[PDB]
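A.B. asks: The structure's right below; bear with me while I get my questions together.
Protein chains: 2
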Amino acid sequence: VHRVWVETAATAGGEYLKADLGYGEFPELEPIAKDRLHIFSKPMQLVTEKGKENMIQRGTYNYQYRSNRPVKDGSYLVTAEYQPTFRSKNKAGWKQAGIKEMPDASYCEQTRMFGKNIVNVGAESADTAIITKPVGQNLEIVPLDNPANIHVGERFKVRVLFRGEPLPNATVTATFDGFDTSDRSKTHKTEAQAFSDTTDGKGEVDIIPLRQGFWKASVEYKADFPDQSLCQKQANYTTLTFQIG
Amino acid sequence: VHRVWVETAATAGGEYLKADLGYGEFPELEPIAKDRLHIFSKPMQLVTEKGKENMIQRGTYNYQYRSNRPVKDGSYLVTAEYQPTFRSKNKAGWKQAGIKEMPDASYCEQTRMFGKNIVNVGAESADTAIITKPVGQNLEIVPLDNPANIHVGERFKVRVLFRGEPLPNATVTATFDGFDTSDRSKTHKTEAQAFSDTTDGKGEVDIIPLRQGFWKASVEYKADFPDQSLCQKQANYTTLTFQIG
């Protein structure tokens, strides 16, 4: 199904920062369809020393964004958000494979998705003050180091936060653009991951990349919706994208 | 978090096949503790063209096994089994679900674990007739090729069977000895994985190894116990170990 990630063009100091909203199957960017525009009703955000600022949707396709002004050397974040949507679900009678299951009862589920890209502007930029600060995504991956410092085979430590608190025992997987390309089509999935581990009691996990490239780490979390008088379940899907080498 | 895997020593045609039962944290072999001996009440098995035969538990440590007779060149399996154990469980405590995980209703869960190693006796042995035939583990990983034919970056296809039938949408992860060197401080975590994907409708998945070495693939599956008048849940933990390059 469709997930949210962010991609940024390589950017030097003094040029506009160009970013793409990915909604679909990594790493293929696709225009946001007519029936999905309402889900992305807020622009992607650029996070700098001054805080969060809206990016400007410009380009050929509606997933393309631009910083309002040219950016100087530094290490920044670009964030995207699938705004909360509600749907009915019922677990009616499907899937199975080993459990009897079945419990006819429709319920409301709220879906939220989040993307975050670490972008180093300038060939030697490896700052941490901005990128290691949580931005307040309901489910968030917070890097604890700058990925520019990470060589193949080394440990890239991240922290998973849920509702502001570290989330233990969450599965974080990671893959890179080009890892799984065989027979890719609209009907054939290429979801293979090059890394998987679970977070510790501090919500932390070390991603160990075995190849250079454009990486995406993923975590998901299903929980009860806060106000049970309005909705029952909440599903969160969050990514962190970054370059290795 | 103790899991079952199998290791085999390098073996040439005409000598005895030496194998190790791993119960603990891959890849460190550990003596089977006194209070766990009853779980491994049946010896590891060697699978050849002749079928299954018991191996002989002999050596310095109680996890070491040896073939009854010397083995000739070929491609064989060595299997191990954690015999079914029952435990009481109760559900409680998670991030943002609901404190009341149903006022503590305890239930029985049966745990079973399985290990399988592909062993090529002879430097040019890469046969498939034996190793691709299922041996009947409740949850089983069946290789569809001999790993000796798989180079780094190529696809090693396997099939997951549960109760004799292909298991779709099962998560298969894989790691290798030396990938994750973090010490016994995780005490609740398993080792980091260098691969993760889900099985397709035929229960099949391509493992893509990014490094040479001694690899372990893992799948787990929790389902309803067959006879609900005795126990409620079943947890299965299965590994397949093999050499790449």
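Protein sequences appear in the order of chains A and B. The first sequence stops at residue 264 when you use PDB author numbering, and every number in between is there. The second sequence stops at residue 264 when you use PDB author numbering, and every number in between is there. The beta-carbon is built from N, C-alpha and C at its ideal position, and this holds for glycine as well.
(1) Which residues in chain B sit within 9 angstroms of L158 of chain A, going by Cβ to Cβ distance?
(2) Taking a cut of 8 angstroms between CB atoms, which residues from the segment 27-55 of chain A lie near chain B?
(3) Is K221 of chain B helix, strand or coil when you go by DSSP?
(4) Tell me which residues share the same chain as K152 of chain A and place their Cβ nearer than 7 angstroms to its Cβ, disregarding the 5 neighbours each side in the sequence.
(5) Please tell me whether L229 of chain B has its Cβ less than 8 angstroms away from any Cβ of chain A.
(6) List the residues that DSSP assigns as beta-bridge partners of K241 of chain A.
(7) Within 10 angstroms of its Cβ, does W234 of chain B collect 16 or more other Cβ (buried), or is it exposed?
(8) So is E34 of chain A buried or exposed if we call it buried at 16+ other beta carbons inside 10 Å?
(9) Over what stretch of residues does the beta strand (DSSP E) that includes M132 of chain B continue unbroken?
(10) So, under 8 angstroms CB-CB, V179 of chain B and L186 of chain B are touching, yes? Tell me the CB distance rounded to an integer number of Å.
(11) What residues match up with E34 of chain A in a beta bridge as DSSP calls it?
(12) List the residues of chain B whose Cβ lies closer than 9 angstroms to the Cβ of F214 of chain A, in chain order.
(13) Throw me the rounded Cβ distance for the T67 of chain B and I149 of chain B pair, which I believe falls under 8 angstroms.
(14) So is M121 of chain B buried or exposed if we call it buried at 16+ other beta carbons inside 10 Å?
(15) Which chain A residues are close to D243 of chain B, counting only those with a beta carbon under 9 angstroms from its beta carbon?
(16) By alpha-carbon positions, which one of A:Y95, A:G172, A:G93, A:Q76 ends up nearest to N87 of chain A?
(17) Measuring straight from C-alpha to C-alpha, what distance separates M74 of chain A and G222 of chain B?
(18) Is the Cβ-Cβ distance between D92 of chain A and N109 of chain A less than 8 angstroms?
(19) Roughly how far, in whole angstroms, is the beta-carbon of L229 of chain B from the beta-carbon of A213 of chain A, given that I think they are within contact range, below 8 angstroms?
(20) Excluding sequence positions up to five away, which residues of its chain have a Cβ less than 6 angstroms from the Cβ of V20 of chain B?
(21) So with Cβ pairs under 8 angstroms, would you call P187 of chain B a contact of chain A?
(22) Strictly below 8 angstroms CB to CB, what residues from chain D border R182 of chain A?
(23) Going by DSSP, name the residue or residues bridged to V177 of chain A.
(24) Taking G70 of chain B as part of the beta strand (DSSP E), name the residues at either end of that continuous run.
(25) Using beta carbons (cut-off 8 angstroms, strictly below), is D219 of chain A in contact with chain B?
(26) Closer than 8 angstroms between beta carbons: that is the criterion. Which residues of the segment 194-206 of chain B meet it against chain A?
(27) Just the C-alpha distance for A28 of chain B and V97 of chain B, rounded to the nearest angstrom, thanks.
(28) Excluding the 5 residues preceding and the 5 following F45 of chain A in the sequence, name in chain order all residues of the same chain whose CB lies nearer than 6 angstroms to its CB.
(29) Would you call the CB atoms of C250 of chain A and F105 of chain A closer than 8 angstroms?
(30) Do you know how far the Cα of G141 of chain B is from the Cα of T79 of chain B?
(31) What residues are listed by DSSP as bridge partners for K108 of chain A?
(32) Over the uninterrupted beta strand (DSSP E) stretch that includes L65 of chain A, give me the two end residues.
(33) Which residues does DSSP pair with residue 10 of chain B in a beta bridge?
C.D. replies: According to the structure shown:
(1) By Cβ distance, chain B contributes nothing, its closest Cβ being about 10 angstroms from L158 of chain A, past 9 angstroms.
(2) none
(3) coil
(4) none
(5) yes
(6) A:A254
(7) buried
(8) exposed
(9) 126-140
(10) 4 angstroms
(11) A:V90
(12) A211, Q212, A213, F214, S215
(13) 6 angstroms
(14) exposed
(15) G117, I118, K119, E120
(16) A:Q76
(17) 44 angstroms
(18) no
(19) 6 angstroms
(20) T209
(21) yes
(22) Absent here is chain D; the protein component of the structure consists of chains A and B.
(23) A:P162, A:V224
(24) 70-73
(25) yes
(26) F198, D199, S201, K205
(27) 11 angstroms
(28) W24, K235
(29) yes
(30) 25 angstroms
(31) A:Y126
(32) 64-67
(33) In this structure chain B extends from 20 to 264, so residue 10 of chain B is not present and cannot be described.
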